[PDB]
Every structure is written in structure tokens, then in C-alpha cells.
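Chemist: Residue numbers (the deposited numbering): 1856 to 1970. For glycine and all other residues, C-beta sits at the position ideal for the given N, C-alpha and C.
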Amino acid sequence: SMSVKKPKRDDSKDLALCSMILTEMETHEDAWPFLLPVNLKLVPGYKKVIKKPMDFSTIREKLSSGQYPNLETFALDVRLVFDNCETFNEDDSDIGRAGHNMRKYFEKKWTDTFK
């Protein structure tokens, strides 16, 4: 509350560390469905169904330009990528499986870097 604060967690490295995580997600062999925005002209249904499209290149541009206020807003966009994937793709599909694999890969790096 006013003039009452928990001890200050060092967040000075969060930007660099999120960048590193994102580099590792970008270079994963199963990243290919997530590297670029879904083409809304060429994928019937995507535009109407997926209210907030997100992909790794959009996260990279947001990160690089100071559009994440803190490390939690960064994680929310990474998770959005996978939530969107589950919304649109059957579990038993190459893309469906890719999304599960990448979400697992992310969540471990996230816990190991920050928890």
C-alpha cells in the first residue's frame, strides 16, 4: 500500500532474457507454424474465428520496440500463440502437435529462467 513495499525483485535483465527465450522458440524445428502471421486472405475462417492473431515475428517486433511493459505481458502473447493454435487445429494434426510441443518447451524455459 502507500509507503509499504515488498522487497524490489531485479527486473533489469528481463528484456534480454525474454529475447533469449524467444530466440530458442524461433529456432526450434517445430516453430514453422508460428514464425509468421497466419495469412488472413488465404486461410478461410481464421479472421472471424481468431479474435487476436499472434505469432513469433509479431512478438519479436513488439519486444524490440518496447511494447511489453513487463515479463508477464510477454508470456501472455507467447501463450496466445498456442491458445490460438489449439482453437483452430485438431490435436491429431502436424500443426496441432507442434503447438503442444512448443507450449511445453516454452513453459519449461519460463519456469527455469524466472521461477
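#1: Just how far apart, CA to CA, sit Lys1860 and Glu1927?
#2: Looking at C-alpha atoms only, which residue of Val1898, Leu1890, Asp1967, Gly1921 is the closest neighbour of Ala1953?
#3: Just the C-alpha distance for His1955 and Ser1867, rounded to the nearest angstrom, thanks.
#4: Just verifying my parser: in three-state terms, what is the DSSP assignment at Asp1932?
#5: Determine whether the beta carbon atoms of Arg1915 and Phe1937 lie at a separation below 8 Å.
#6: For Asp1938, does the three-state DSSP call read helix, strand or coil?
Modeler: According to the structure shown:
#1: Here residue 1860 corresponds to residue number 5 of the sequence shown, with the count starting at 1. Here residue 1927 corresponds to residue number 72 of the sequence shown, with the count starting at 1. Those two C-alpha atoms are separated by around 20 Å.
#2: As a first step, residue 1953 is located in the sequence shown; it is residue number 98 there, counting from the start. The residue with the shortest Cα to Cα distance from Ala1953 is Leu1890.
#3: Here residue 1955 is taken as the residue at index 100 of the sequence shown, counted from 1. Here residue 1867 is taken as the residue at index 12 of the sequence shown, counted from 1. Spanning the two alpha carbons is a distance of roughly 31 Å.
#4: The residue given as residue 1932 occupies position 77 in the sequence shown. If DSSP states are grouped into helix, strand and coil, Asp1932 belongs with the helices.
#5: Sequence index remark: in the sequence shown, residue 1915 carries index 60 (1-based). Sequence index remark: in the sequence shown, residue 1937 carries index 82 (1-based). The answer is no: Cβ separation not under 8 Å.
#6: Along the sequence shown, one-based indexing puts residue 1938 at 83. Three-state result, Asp1938: helix.
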